[PDB]
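Numbers and lists here come from the model and the stated rules, or from a named source; nothing here is a laboratory result. With ideal geometry, Cβ positions are generated from the backbone for all residues, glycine too; neighbour counts draw on all protein chains shown.
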Amino acid sequence: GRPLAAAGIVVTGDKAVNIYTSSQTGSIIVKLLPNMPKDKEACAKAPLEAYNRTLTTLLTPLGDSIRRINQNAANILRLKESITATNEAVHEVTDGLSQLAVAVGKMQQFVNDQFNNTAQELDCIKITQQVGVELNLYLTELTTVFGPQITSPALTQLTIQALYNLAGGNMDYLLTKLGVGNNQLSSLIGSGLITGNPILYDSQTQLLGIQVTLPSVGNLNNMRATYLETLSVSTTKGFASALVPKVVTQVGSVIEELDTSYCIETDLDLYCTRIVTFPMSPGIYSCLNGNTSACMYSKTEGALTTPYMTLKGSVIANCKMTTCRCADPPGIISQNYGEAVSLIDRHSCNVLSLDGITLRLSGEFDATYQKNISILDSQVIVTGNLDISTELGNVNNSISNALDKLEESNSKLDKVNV
Amino acid sequence: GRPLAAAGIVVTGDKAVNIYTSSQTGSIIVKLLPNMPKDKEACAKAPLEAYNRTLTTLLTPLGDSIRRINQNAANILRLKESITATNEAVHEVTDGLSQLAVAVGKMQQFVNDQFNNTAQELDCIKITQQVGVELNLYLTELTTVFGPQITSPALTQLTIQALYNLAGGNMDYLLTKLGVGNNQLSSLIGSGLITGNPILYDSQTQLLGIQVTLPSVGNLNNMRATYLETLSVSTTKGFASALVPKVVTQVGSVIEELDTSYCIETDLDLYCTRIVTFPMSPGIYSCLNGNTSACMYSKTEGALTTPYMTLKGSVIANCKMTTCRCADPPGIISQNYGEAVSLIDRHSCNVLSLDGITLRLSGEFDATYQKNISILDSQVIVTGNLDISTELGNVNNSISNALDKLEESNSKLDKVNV
Amino acid sequence: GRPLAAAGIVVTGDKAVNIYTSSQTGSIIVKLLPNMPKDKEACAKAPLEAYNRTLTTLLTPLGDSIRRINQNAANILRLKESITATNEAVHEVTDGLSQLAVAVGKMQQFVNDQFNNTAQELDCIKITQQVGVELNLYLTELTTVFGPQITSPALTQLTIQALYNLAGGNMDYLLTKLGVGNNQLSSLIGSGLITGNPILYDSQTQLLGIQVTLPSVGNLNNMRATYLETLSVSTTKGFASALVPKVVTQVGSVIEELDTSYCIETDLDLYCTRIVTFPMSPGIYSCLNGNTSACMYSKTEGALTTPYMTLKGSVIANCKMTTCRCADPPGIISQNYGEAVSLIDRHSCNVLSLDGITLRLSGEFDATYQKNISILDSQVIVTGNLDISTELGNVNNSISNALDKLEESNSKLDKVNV
Ligand SMILES: *[C@@H]1O[C@H](CO)[C@@H](O[C@@H]2O[C@H](CO)[C@@H](O)[C@H](O)[C@H]2NC(C)=O)[C@H](O)[C@H]1NC(C)=O
Ligand SMILES: *[C@@H]1O[C@H](CO)[C@@H](O[C@@H]2O[C@H](CO)[C@@H](O)[C@H](O)[C@H]2NC(C)=O)[C@H](O)[C@H]1NC(C)=O
Ligand SMILES: *[C@@H]1O[C@H](CO)[C@@H](O[C@@H]2O[C@H](CO)[C@@H](O)[C@H](O)[C@H]2NC(C)=O)[C@H](O)[C@H]1NC(C)=O
Ligand SMILES: *[C@@H]1O[C@H](CO)[C@@H](O[C@@H]2O[C@H](CO)[C@@H](O)[C@H](O)[C@H]2NC(C)=O)[C@H](O)[C@H]1NC(C)=O
Ligand SMILES: *[C@@H]1O[C@H](CO)[C@@H](O[C@@H]2O[C@H](CO)[C@@H](O)[C@H](O)[C@H]2NC(C)=O)[C@H](O)[C@H]1NC(C)=O
Ligand SMILES: *[C@@H]1O[C@H](CO)[C@@H](O[C@@H]2O[C@H](CO)[C@@H](O)[C@H](O)[C@H]2NC(C)=O)[C@H](O)[C@H]1NC(C)=O
């Protein structure tokens, strides 16, 4: 209840009681080498060759710690020597063309077998690239999901992902088989009852095997363990402390001291191997129900003992035995006689100064973790800036003048008599 | 032994005793920047520039927390003007060829200095690629081997790989120097005695220094600590519990209670700073040897105390004070009078329901962790599909007709008289 | 002091006293997807597509555990049929040129639109490459900085980097707000008071949210807790042990026993929720000040109790009740009567053998962790080795002979009469 805080007794903890047993075994088999494409191309043989190599460099130590555990007549002749020499000049132009047509034809299948020789080059780079990145993502994924197991041979608390994969996704089913509620997983994992340890590792196949161990818990209703602490308050004796156990468990109208030696405690759940309770004095039970007039006090204390304590980011102090100075909101703190002890939290004070120390009962820290990616523009020297049109045009035009200069020639024959 | 389980006393733990001391220091110096090729090419300057940058973004915080701690006469003339104009048409075809031969020659050293300009491009990409992947593998390798040390300044349990590297591979030698057996490494690492902490980090060289601390253990034979717990069994008094210590150590015929406050316990090994034993009542020693008739009982118990407990995934319960209902294999469970307490495990029951809770004494979970890699086929627009043969052929053929049309011309002169 | 070691009492621990409270909350919001370049190019859509995919495959499990919690006349005619056929041979050479000039022009815009088609290909690969590597560095960076939080839903000890980012770099300011000194951070983080747990995760935006919890500590000067242990030394009784508490706290001239149940201990700092001290016998206080003649002894011990213990990599043993054999430096060890107990460390012995075990008080292990990167030289088939100069030259030269063979023709006409 609450009136028990009128005798220096304050409830610090309140959690449910559970009984567990490590009677659930599993076996997660991890395939270090991902499933390569059906194409089976040896173009990704480069990124993988290095990936598989960094696996042996990373797993061997782990596997090691397991394996060991007339006058005109001269003109008619001159004309002959003129056209017999003209044909001599045409036969050469023909050789220059019949050999240049080869220099162009030879250059055809060249640039063709060089662009087609690049079509298979760039094709490989894109594949190698994708694989190189996709393969790195996996190695940085395993060292996160199964890090704890890779980094140590002995039992290590599993990873959510590792467990998520174990249940095959269907989590609500896994929990039910163990007897765990939805609002109890956070504490279940944070208890070290979900451990795992490597068992068999193959260097060749790169296939890691892990042995999982899960607990079977049985919740106990109507039974809740309560943690109790006490401060110093003046009484009939004078400056004494209330006498109450540290941990108690209640069922209906039965209250007894709980031995937390057989149990693993959390923030809101206690998983116990066994339950051992002890009978408490009748004067104690009477008090814990509300009868504050039943609690016994004693001077079991020294001079260096503190008149306060910490509870859930708060400070519970006796402000009549110590001046509670509230800094941020100026003024001295106190409480009605109904409560022998004052509770100071964030709702009434941000900075407090007690006898000796100065605790800060408030604070806020908001930060952002991001990354600014900047890519460099590597100017590629490769450019398509070949301008041979100035020469090409002078040909498409020079040919025109060669055709008409011939037309005049061929038309000068239309005027020949005989 | 086993007959002690006839008085409600059950052996839960059984481990060897060890004496240890943190008198072994080491120093692992990690080279964050790998050994670059002797070629010293500045083609891998891109992947490294970013890698070295993410190291300072990842290590600075760590280093920070350390730095601060006639009528025919007209024909003879007409023929002249016919061939003087024909040569006029040949001189132009020559200019068109002598300028096209340049347009082709200029295009030669172009595509040549563009394919050769690509031969050094693709060459760089392949290098950059390999480095980019190889360098990522290392960063995802260090955050796994030396993660614990990078993530925290204070002492942190080393990684198998970190230790494996420390011993230089030869592990059997390292253990011998510390006095550790082969079948004792699993517990040795899982004790937190193999810790390490960063000491000196250089931002420039990217060279991390870690201080290792190893224990020197001395095994004690003939001495084994045994953990003992007790349940409630009806006796001369009626509904009482046997009185026996929690931890005891035996040597030959000497049995005494062991103080486990100076020791770190494991699954099968206890590493102790010291050994403190206490003498136990003669009535106790007599019992632990086999004389069950010597053990004393007492009603040190409450009403909320459990009539059972958990042991190695099993449930040891008194099935005469509580109805043990076996679910999976229907039927009530009990045991011969020879054993006051019943042991229920997987070999006799898969699901049990006791007074209050229902524990599951069996379960199997097999899962597989893999990754399906699928690469995309980026169709490269670059193709070698230049078909200039239709035009090329029309030349290799048109030249033939130009050669024979000239042969007729040159043969029409063989029939000239003078 | 030191004279207390003349009664078998040795100081093992010496740390400062602190009062803490979890009254400091923070919220680190992590942007899983980095800030892409302003260019917004879809050329990095490949590496990111896979990166974002491995995030959902890595975070969903985490988010899941939160969402649910004449005769010559014949000659004048023969000459006509000679040049009319010669022009017939020139008109064809013209067609072969006017069609080859097209085969070259068509090949111009081809290799041009294939090199320019590659200029945008290589450009993309370089971008994709840089992004692929830069993006991998981030995923291997987060699984290290926020690994503990990604791997578990419940509270987990933060990472230096995570905290460094929280304080926005300015660390000296953060500590001051909590009341932590510079030479106290190592112990502060290694206490589990700097915890954090995921609270909200968005699958779409890939934005992780973590709730941070920091303590507010108030140092206590003039007060230092001291850990005390005792060995067996012969006295008036004979073979007994000194009687002194395990932990004590002193303030000025006030010495009392300290209850370390409310406190978290470290290597040099104790962070306590509260301080509970107990009064000790006057005979005890007198001794701890120096009056060794005031300490009481008792035979509270068994036969299996050890005559030694471990302290900071050393062994404190009674070398008059046990023969201390120093191995490395041969000889038996002992100490002046002034000190009832001998302290054996590295400064006086490297290997020791006591009654039962043989501890090694010295050792050094230096190792180096590095990586040798070797890149492969993938010979690119793409080469610029087109040598069409042998054919090109035969044209540039054949044209010369065609020009002069025509010059003779055109000069044979200069000798024509009419
Ligand atoms: C990954 O690399 C390791 C490197 O050791 C390879 O291990 C070899 O496995 C073959 C069989 O596949 C054995 O015959 C060899 O003895 C191993 N190498 C040596 C010399 O130890 C392994 O093959 C690689 N995995 C794959 C499938 O690529
Ligand atoms: C990364 O880039 C972002 C976006 O440009 C930067 O965001 C800035 O944040 C600061 C506060 O920390 C603001 O004052 C600026 O206005 C923001 N800039 C803009 C234009 O958005 C951020 O500074 C960069 N991160 C670092 C530290 O390099
Ligand atoms: C890795 O990157 C860091 C970024 O800080 C580099 O640090 C520089 O180191 C040089 C000496 O090599 C110093 O002169 C500079 O002051 C440092 N940079 C600054 C401005 O802090 C470091 O050089 C890089 N490492 C290598 C070898 O590439
Ligand atoms: C990845 O690919 C593998 C191989 O194709 C898939 O394996 C399937 O596994 C399921 C059971 O989980 C079987 O029912 C199928 O027959 C398997 N397929 C084949 C053809 O082998 C697997 O499903 C894929 N992983 C996921 C979940 O995407
Ligand atoms: C990263 O990948 C996830 C894969 O689930 C994407 O999730 C989708 O988010 C869109 C909105 O952006 C939803 O409409 C879809 O329903 C989600 N996919 C499905 C089918 O679950 C997410 O968009 C990706 N992130 C980015 C920004 O690329
Ligand atoms: C990686 O390369 C380095 C540098 O070559 C090697 O360094 C050698 O280290 C050993 C001792 O471990 C020396 O004996 C050699 O002289 C060193 N070699 C040289 C030339 O420096 C190292 O061996 C390589 N690492 C491994 C194990 O492959």
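Summary table below
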quantity: Residue identified as over 30 Å from C:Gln250 (Cβ atoms), out of contact with any strand residue (DSSP E or B) (no Cβ under 6 Å at 6 or more places or on another chain), of a type in the set (A, V, I, L, M) and away from ligand 3 (no atom under 16 Å from the Cβ) among C:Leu174, C:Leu231; calculated: C:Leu174
quantity: Single condition A:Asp39 does not satisfy, out of (1) surrounded by 16 or more Cβ atoms within 10 Å (Cβ to Cβ); (2) within 16 Å of ligand 4 (Cβ to nearest atom); (3) over 27 Å from the mean Cα position of the chain (by Cα); (4) not basic (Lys, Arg); calculated: (1)
quantity: Near pairs, Cβ below 7 angstrom, 6+ apart or cross-chain, from the range B:185-206 (outside any loop (DSSP other than H, G, I, E, B)) to any residue that is within 16 Å of ligand 3 (Cβ to nearest atom); calculated: B:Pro198/B:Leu62; B:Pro198/B:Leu208; B:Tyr201/B:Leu59; B:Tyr201/B:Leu62; B:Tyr201/B:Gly63; B:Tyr201/B:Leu208
quantity: Residues that are within 16 Å of ligand 1 (Cβ to nearest atom) and under 24 Å from B:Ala119 (Cβ atoms), drawn from the range C:345-375; calculated: C:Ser374
quantity: Matching option when the condition is at positive phi, within 11 Å of chain B (Cβ to nearest Cβ) and more than 16 Å from ligand 1 (Cβ to nearest atom), among C:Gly393, C:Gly313; calculated: C:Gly313
quantity: Answer from B:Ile19, B:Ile83 - the residue that is under 30 Å from C:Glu408 (Cβ atoms) and among the β-branched types (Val, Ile, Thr); calculated: B:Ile83
quantity: Looking only at the range C:396-418, and only at residues there that are within 7 Å of chain B (Cβ to nearest Cβ) and assigned to a loop (DSSP other than H, G, I, E, B), the one that is farthest from ligand 5 (Cβ to nearest atom); calculated: C:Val418
quantity: Qualifying positions in the range B:132-151 - more than 7 Å from every other protein chain (Cβ to nearest Cβ) and either of a type in the set (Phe, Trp, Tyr) or touching a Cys at 6+ places or on another chain (Cβ under 7 Å) (or both); calculated: B:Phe146
quantity: Single residue of the range B:17-50 satisfying the filter (facing chain C (nearest Cβ under 7 Å), within 16 Å of ligand 6 (Cβ to nearest atom) and not in a strand (DSSP E or B)) that is nearest to B:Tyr227 (Cα to Cα); calculated: B:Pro34
quantity: Any hit, the range B:406-413, residues being buried (at least 16 other Cβ atoms within 10 Å of the Cβ) and either within 30 Å of A:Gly168 (Cα to Cα) or among the β-branched types (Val, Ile, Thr) (or both); calculated: no
quantity: Residue in the range C:397-405 that is outside the structural domain of C:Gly238 (by CATH), touching a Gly at 6+ places or on another chain (Cβ under 6 Å) and buried (at least 17 other Cβ atoms within 10 Å of the Cβ) present; calculated: yes
quantity: Residue list for the range B:58-73, restricted to those being within 7 Å of chain C (Cβ to nearest Cβ) and within 30 Å of C:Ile160 (Cβ to Cβ); calculated: B:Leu58, B:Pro61, B:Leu62, B:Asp64, B:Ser65, B:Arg68, B:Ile69
quantity: Qualifying residues in the range B:18-36 (those that are surrounded by fewer than 21 Cβ atoms within 10 Å (Cβ to Cβ) and of a type in the set (A, V, I, L, M, F, W, C)) - the one farthest from B:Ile125 (Cα to Cα); calculated: B:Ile29
quantity: Odd one out for C:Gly63 among (1) closer than 30 Å to C:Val212 by Cα; (2) surrounded by fewer than 17 Cβ atoms within 10 Å (Cβ to Cβ); calculated: (2)
quantity: Residues of the range A:63-87 that turn out to be within 60 Å of the chain's Cα centre (by Cα) and assigned to a helix (DSSP H, G or I), as a count; calculated: 5
quantity: Some residue of the range C:158-176 being surrounded by 21 or more Cβ atoms within 10 Å (Cβ to Cβ), within 7 Å of chain A (Cβ to nearest Cβ), touching a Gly at 6+ places or on another chain (Cβ under 8 Å) and of a type outside the set (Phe, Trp, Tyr); calculated: yes
quantity: Members of the range B:192-236 that are surrounded by 20 or more Cβ atoms within 10 Å (Cβ to Cβ), within 12 Å of chain C (Cβ to nearest Cβ) and either within 16 Å of ligand 2 (Cβ to nearest atom) or closer than 20 Å to B:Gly13 by Cβ (or both); calculated: B:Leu193, B:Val217, B:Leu220, B:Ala225
quantity: Complete set of residues in the range C:247-294 that are assigned to a helix (DSSP H, G or I) and in contact with a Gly (Cβ under 9 Å, 6 or more places away or on another chain); calculated: C:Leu288, C:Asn289, C:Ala294
quantity: Pick from the range A:242-284, criterion under 21 Å from A:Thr230 (Cα atoms) and acidic (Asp, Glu), ranking: farthest from the other protein chains (Cβ to nearest Cβ); calculated: A:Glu265
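Quick grid of which residues meet (1) more than 8 Å from chain A (Cβ to nearest Cβ); (2) not polar (S, T, N, Q):
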position	(1), (2)
C:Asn75	no, no
C:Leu79	no, yes
C:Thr86	no, no
C:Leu97	no, yes
C:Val102	yes, yes
C:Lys106	yes, yes
C:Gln120	yes, no
C:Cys124	yes, yes
C:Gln130	no, no
